[PDB]
Structure formats: C-alpha cells, structure tokens
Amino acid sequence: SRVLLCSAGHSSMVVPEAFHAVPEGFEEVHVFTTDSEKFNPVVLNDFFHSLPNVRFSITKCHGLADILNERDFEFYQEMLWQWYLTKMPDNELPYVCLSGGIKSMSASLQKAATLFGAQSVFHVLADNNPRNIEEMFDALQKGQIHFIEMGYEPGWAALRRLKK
C-alpha cells in the first residue's frame, strides 16, 4: 500500500493537492495537526470519504492548540513521531508531504522521515493557491500545482523495529 503522511494547517487544499503527487493516488492518507480551530477537518472528511478506495484519518495532538514555547514543541514532536511509527506501512516506506502546518511542525515531520524512513519527502506549491477542490482540479489540469522532491530517506531499520 502507498501511504501518504501529512501535516495540515489552515489551507484545506494542501492535503488534497498532495494526494495527487503520484498518478495512482494513495491507498491511505493520514494527517497530523494541532487542536487549533484554524484547522477545519470538514472539507477533508468530505473529499476523502467521497473517494472509494482511500483510508483516511486525522490525528490531533490532543490538548495542544498552538506551538508557543519549547514544551509545546517537544510535546507535539513526541506525539508526531509515535504517530509516524504507527501509521507507516510494514513492508514499505511512506510518502511524506511537508507543506502543511507551521514551519516547526513541518520540520519535525522532516526529521521523523529522516529517522524512520520515507519513500519520498515532498512539498506541494500552487501558483494561485486553490481554495476548494474545484479550483484544485482546475489548477492541476493547467499545470499550476508543483511537486518538489526533497529526497528519499532510508531511515534506520533499527528504529522501525520499535513500533512493537
């Protein structure tokens, strides 16, 4: 199974855009984000539940709305890394999109990909930042969505073993 791992922020369209980084799409899409109300899950649940062959989940860093100090970041990172281990497939490395969330959320996800492994680690950028699924598809058909591979990450099998 191809599995996509993503952080999310306010812009609802980055995870859907990231879902199109690969022609086949993805079998599983998993999101990690804060408890902030600046993240609205409804658009994500609507779109991904309407796709037939896709397992979708949103995991919140429970009790944390914002990363405002060092303890917040540490708590977020601990929850993200355990989440990464839980959601990644058993016989393959996941795909990882970094574009969602705040910079430090994204950098923590990059570090996780480096330690545990990622088949692909990528940014998605949009010329005109589509606001909804219809504009996303319009942007895709016009070649206005760009995917930037930051690099394959082998990770350490000695760390992937720890998921048990």
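All residue numbers are counted from 1 along the displayed sequence.
Per-stretch averaging of Cα B factors for 119 to 127 and 65 to 73 places 65 to 73 on top. Stretches compared: 26 to 34, 110 to 118. Higher mean C-alpha B-factor in the entry: 26 to 34. Looking at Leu51, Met136, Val43, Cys97, the one whose CA carries the top B-factor in the deposited record is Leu51. The PDB entry assigns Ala157 a C-alpha temperature factor belonging to the middle third of its chain's modelled residues. In this PDB entry, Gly9 carries a Cα temperature factor that places it within the highest third of its chain's modelled residues.
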